[PDB]
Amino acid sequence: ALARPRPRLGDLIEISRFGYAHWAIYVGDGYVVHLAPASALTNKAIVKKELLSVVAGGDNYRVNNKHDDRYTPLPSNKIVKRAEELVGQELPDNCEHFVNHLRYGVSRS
């Protein structure tokens, strides 16, 4: 019921699953880039571009640009370009590190 801002290019999207959070990054026109299996068992993920509404399904999402107050994000074009260029690549909390890398350029604490 709370009015909220719509996602902007490069925004971090956190989806509240039953039990845990799924992260994605907004790339425009309703789409996000995120990881999917190619849990603690899966050692490979594939980068996918999908509709936010499909990823979220019946779960709500929120924008959570969590580190912005301490660390300046990269310009949105750099965020989006790098997210898009990774689509289809296989890569070895993991989702959160992925999206932080893209938004900020760094992901280590």
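Numbers follow the displayed sequence, beginning with 1.
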Unresolved deposited residues in the interval that joins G19 and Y20: none
Interval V54-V55, deposited residues with no coordinates in the entry (none, 1 to 3, 4 to 9, 10 or more): none
Which of 1-9 and 100-108 has higher mean CA B factor, as the PDB entry lists it: 1-9
Between the two ranges 82-90 and 21-29, the one averaging a larger CA B factor in the entry: 82-90
Residue, from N65, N60, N77, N43, that the PDB entry assigns the highest Cα B-factor: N43
